[PDB]
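Residue 80 in the entry's author numbering sits at position 65 of the sequence shown, with consecutive numbering throughout.
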Amino acid sequence: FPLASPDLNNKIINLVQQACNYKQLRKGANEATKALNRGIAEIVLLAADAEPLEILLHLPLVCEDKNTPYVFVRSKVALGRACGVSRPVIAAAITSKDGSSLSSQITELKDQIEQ
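Take a look at the structure:
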């Protein structure tokens, strides 16, 4: 709600690993909120099993006000591993970058969120 499939979960995980190679990924709730406040967040990803739950209730509202798409993946552990870190991650943001070659895969995940 809006939760991934787990087709997408695996497709999101794939995009997340690319994002990391392109330096277009911000890992962690506060880093995600900073991307949203700078207007560079393209998609915000949230782990359905994150604690505290106030983050999970809270970040969607902030995304909505800022007109940024967001989607729930199943676990912080697979988000954390896709992020190239050995700890779980509760939220992440795929950021926009002027001239990026990822722009096409990003704008395509973005609209499959609509759906």
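Built from N, CA and C at the ideal position, the CB exists for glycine as well.
By the C-beta density criterion, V104 is buried, having at least 16 other C-beta atoms within 10 angstroms.
Per DSSP, the beta-bridge partners of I58 are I109. In the DSSP assignment, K42 forms a beta bridge with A107. DSSP, read as helix, strand or coil, puts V92 in helix. In this model, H73 and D22 are separated by some 26 Å (Cα to Cα). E57 and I128 do not touch by the CB rule: their CB atoms are close to 10 Å apart, not below 8 Å.
Under the three-state reduction of DSSP, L18 is assigned to strand.
Taking the Cβ atoms as the reference, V86 lies roughly 6 Å from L60, within the contact range of under 8 Å.
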